[PDB]
Amino acid sequence: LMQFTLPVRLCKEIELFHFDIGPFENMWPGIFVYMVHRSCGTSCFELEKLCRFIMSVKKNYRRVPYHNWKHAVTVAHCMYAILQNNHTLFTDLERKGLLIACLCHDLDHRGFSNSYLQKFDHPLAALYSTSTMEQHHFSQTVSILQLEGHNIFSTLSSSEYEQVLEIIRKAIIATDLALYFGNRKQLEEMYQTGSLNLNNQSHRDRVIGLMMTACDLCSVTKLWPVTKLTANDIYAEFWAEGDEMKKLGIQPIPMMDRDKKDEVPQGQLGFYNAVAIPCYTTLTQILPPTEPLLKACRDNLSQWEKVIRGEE
Ligand SMILES: Cc1ncc(C)n2nc(CCc3nc(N4CC[C@H](C)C4)nn3C)nc12
Ligand SMILES: [Mg+2]
Ligand SMILES: [Zn+2]
């Protein structure tokens, strides 16, 4: 039967947490199928259906600077790394559902925060009061699944199918970084009071929620030049939103004000300290083999420290 193989350098490096999917868009689909076949099996999905789902998911990402197809596949590779290093902790359905959740997790992103839809009074802010974009992303995922020839889950039973869509729904919602802070706090307390229970379904949920934040943030766990250059796309969106904020007569937060360009290094410090380091710290406690993500995050925090001290 028909597996995907990759060239030698990609065959070795794709297993590492710090892998970069590269600038060749035409390989990203095959990189994703490669990752489902190894993390899940060549029997998880019909190849015709999967390839068609992948191309329709791609079609529905927008040509925005950060929240694009490249991001989607990048976020799926980091999930793949996590699943392959924690082999026997995850159910057959979780392995199926999570790489799809990652591919689909920013579907039809416009390059604007939930907060900018709320202040623009975009229609989606009326349909979805909280996690506005994240609820749109799940909805968009469900649409693509109902297209002729795209039900990659067709072989699953009714309640197996309901389970995988519920996994995908929670996983996508959890990428609402406003929900991360409380999710990690409850996880950190449960871990330390030793009462953390991977048989408790609402525990797995939180643990998948943190894995989702971790994959979403993985720009910070890359080789430094990847991290430095992804940072430029992240701010290009934010500052465009800042411009849109000013058009409505609202001063954007500092994060989104392009007049405060020069303070970026300090903004990244706050972010690694307030957000990224705690995420990989907690996730490494809960899943020991994910340590390399925490190590690489630490490394990149030290690189931003060097930028402020004018050593870089
Ligand atoms: C790397 C990465 N990954 C994911 C996300 C969501 N983010 N968000 C940022 C923004 C970081 C930030 N910058 C600022 N500064 C800019 C200077 C201004 C004074 C305020 N404040 N904050 C908190 N970086 C990332
Ligand atoms: Mg998102
Ligand atoms: Zn994302």
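All residue numbers in this chain count up from 1 along the given sequence. Counting starts at 1 for both ligands and their atoms, following the listed order.
In summary, of the residues considered (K222, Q268, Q303), a side-chain contact (heavy atoms from CB on, under 4.5 Å) with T227 occurs for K222 alone. When the options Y61, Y66, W69 are evaluated for a side-chain contact (heavy atoms from CB on, under 4.5 Å) with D106, the one that passes is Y61. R298 pairs in a side-chain contact (heavy atoms from CB on, under 4.5 Å) with only one of the listed residues (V220, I277, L293), which is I277.
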- [ ] Report the C-alpha separation of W224 and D299 in whole Å, then their side-chain angles, then the decisive distance to 0.1 Å, and conclude whether the side-chain contact (heavy atoms from CB on, under 4.5 Å) test is met.
- [x] CA-CA 8 Å; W224 160 248; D299 262 292; over 6 Å; no
Task: From CA spacing to verdict: side-chain hydrogen bond (donor to acceptor under 3.5 Å, both in side chains), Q3, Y34 - done: CA-CA 8 Å; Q3 283 178 339; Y34 180 82; over 6 Å; no
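Between the OH atom in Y280 and the CG atom in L287 there is a gap of 13.0 Å [rounded to 0.5 Å].
Using a 4.5 Å heavy-atom threshold, the side chains of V73 and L103 count as touching.
If you check the side chains of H71 and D216, you find a donor sitting under 3.5 Å from an acceptor. Side-chain contact, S113 with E241: a donor N or O sits under 3.5 Å from an acceptor N or O.
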Considering only N or O atoms, set out every pair between ligand 1 and the protein closer than 3.5 Å, with distances to one decimal place.
unit_1   : atom_1 : unit_2 : atom_2 : d
ligand 1 : 13 (N) : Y235   : OH     : 2.5
ligand 1 : 24 (N) : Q268   : NE2    : 2.8

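Protein N/O/S atoms closer to the Zn ion (ligand 3) than 2.8 Å number 4 in this structure.
Here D106 reaches the Mg ion (ligand 2): one of its N/O/S atoms is less than 2.8 Å from the metal.
For CD of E162, the number of neighbouring non-hydrogen atoms (other residues, nucleotides, ligands) closer than 6.0 Å is 12 at most.
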